[PDB]
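Contents: one structure, followed by commentary.
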Amino acid sequence: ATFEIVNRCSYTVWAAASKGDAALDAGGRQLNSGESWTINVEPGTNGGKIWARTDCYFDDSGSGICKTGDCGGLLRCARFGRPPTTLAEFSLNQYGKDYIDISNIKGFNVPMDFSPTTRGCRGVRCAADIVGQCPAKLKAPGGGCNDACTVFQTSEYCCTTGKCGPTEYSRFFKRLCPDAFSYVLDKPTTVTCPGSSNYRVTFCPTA
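Each residue of the sequence shown is one higher than the one before, counting from 1 in PDB author numbering.
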């Protein structure tokens, strides 16, 4: 499956793509404002994610740091990124269908649209100004809006027991972005797409 990753932000981002125990494609790349990077994701990929990283530095070997979304200090991510990270999440070719969503469970850094480029389903978007409106207690000094699990490490926010409800913090994310997951047991906003669809992830889709 192809994923075209487009940076419409006015700032550079370092895109990342991983399934947690391996890179997807090259796993990461710089995207200056307006640039597009097309990756190939193996059919059947379960639990893949794409995200943006901000304010990165990398040496000539591909080692460094990012303020949001850092994946073990690598340009080429093989692991998931450090919160806060807006997440484009997907599982492909699962009993004949693909499943996509956007999640704020690991916080928010960059607005994104995640849409199919082929027929048969619809896209999802989280493009509100979550960083600007972020509750004071969730603001990440390094940039972004942390989720409450990251900040407070409670069973309730982290849904550790498999029992949890919505919270004031989850409701903030949900109010700004109804079409993204706000906590683990949120009413699902997953979209079912035809198996083997192709996609576009756009950072800063509206500005």
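Beta carbons: idealized from backbone N, C-alpha and C, even for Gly.
Simplified DSSP assignment, three categories, for residue i
{"i": "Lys67", "result": "coil"}
{"i": "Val184", "result": "coil"}
{"i": "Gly27", "result": "strand"}
{"i": "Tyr95", "result": "coil"}
{"i": "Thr54", "result": "strand"}
{"i": "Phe108", "result": "strand"}
{"i": "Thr192", "result": "strand"}
{"i": "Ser18", "result": "strand"}
{"i": "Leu74", "result": "strand"}
{"i": "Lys174", "result": "helix"}
{"i": "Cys134", "result": "coil"}
Sheet register partners of residue i (DSSP bridge)
{"i": "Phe90", "result": "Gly48, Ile100"}
{"i": "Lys139", "result": "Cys145"}
{"i": "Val201", "result": "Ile5, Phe114"}
{"i": "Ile39", "result": "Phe3"}
{"i": "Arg125", "result": "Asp113"}
{"i": "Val13", "result": "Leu31"}
Nearest-angstrom beta carbon gap, residue j and residue i [assumed within contact, 8 Å]
{"i": "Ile50", "j": "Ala88", "result": "4 Å"}
{"i": "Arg76", "j": "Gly28", "result": "5 Å"}
{"i": "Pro43", "j": "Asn7", "result": "Actually they do not touch by this definition, with Cβ atoms about 26 Å apart."}
{"i": "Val201", "j": "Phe3", "result": "6 Å"}
{"i": "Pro84", "j": "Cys145", "result": "6 Å"}
Cβ shell of residue i (< 8 Å), same chain only, five flanking positions each side left out
{"i": "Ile102", "result": "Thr86, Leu87, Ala88, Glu89, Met112, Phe114, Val124, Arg125, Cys126, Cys177, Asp179, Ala180, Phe181, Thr189"}
Same chain only: Cβ atoms within 7 Å of residue i, ignoring 5 sequence neighbours per side
{"i": "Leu185", "result": "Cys159, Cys164"}
{"i": "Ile105", "result": "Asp147, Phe181, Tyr183, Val184"}
{"i": "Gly72", "result": "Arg79"}
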